[PDB]
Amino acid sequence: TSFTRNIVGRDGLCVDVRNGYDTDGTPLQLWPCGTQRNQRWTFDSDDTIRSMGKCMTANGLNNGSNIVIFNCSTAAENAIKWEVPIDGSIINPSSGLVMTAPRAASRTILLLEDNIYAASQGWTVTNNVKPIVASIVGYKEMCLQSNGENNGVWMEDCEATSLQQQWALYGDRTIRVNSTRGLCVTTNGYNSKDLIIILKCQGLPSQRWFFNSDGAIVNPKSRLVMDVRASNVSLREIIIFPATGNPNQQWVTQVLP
């Protein structure tokens, strides 16, 4: 009834108990991923998440409160229970606040903040601490392709040799240009028909995505899903749109060699 994994988030860095100290109150931070014990988190059926025999703990339950390691028995019960929603958040049920990395840098200290569905609030519980590299196959068995910073994404015939068809699926729930990992698939607004482009990763809600069980790629803040505009690949426009279940909104990841 328990299992142990890393937790990968912002910029592909991992949740790390700072300096590897286990004394009560030691902050959680981002640090490059590894196998050290202070990055190994055990998920127990009691909804605790433990490292080095101690619990991930909200040191307070307010906007901006720090998350620390603390003795599981002596901490407040409200402070040591967590849930891992399917969209990749890590939520403290008592407060409703979510784990947030407010900066991308190593040594950034993790905070509970109001959920805004930001990419800074996306996490992946996994033993593979590298981004998964895949083509994103969609409408007409075509492949999603990048076309540079600030430009639209669009569909093209799948080519094993097209680097701009290769996507790094990061633990913070961002979809990144594999060959330029500072750049993120980004919706240019949260309204229906807003265009999906490539922009510098800035941890924004516009840069967060969820691969749901229906084959959709969902932007959690807007609720909207990636859509090949008008089922017309020649428009070279991918938008966000309400989920319809139609072929122009169905996507599969295909892992690359």
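Heads up: residue numbers just count along the shown sequence, starting at 1.
Comparing 94-102 with 170-178, the higher mean C-alpha B-factor in the PDB entry belongs to 94-102. Two stretches are in play, 58-66 and 213-221, and the higher mean C-alpha B-factor belongs to 58-66.
Considering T186, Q121, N78, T124 together, the PDB entry gives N78 the largest C-alpha B factor.
In this PDB entry, the Cα temperature factor of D22 sits in the top third of its chain's modelled residues, the highest group.
Remark: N6 belongs to the lowest third of its chain, ranked by C-alpha B-factor as recorded. Sort the chain's modelled residues by C-alpha temperature factor and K193 lands in the highest third, per the entry.
In the PDB entry, a CA B factor belonging to the middle third of its chain's modelled residues is recorded for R37. Per-chain ranking of the deposited C-alpha B factor places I136 in the lowest third.
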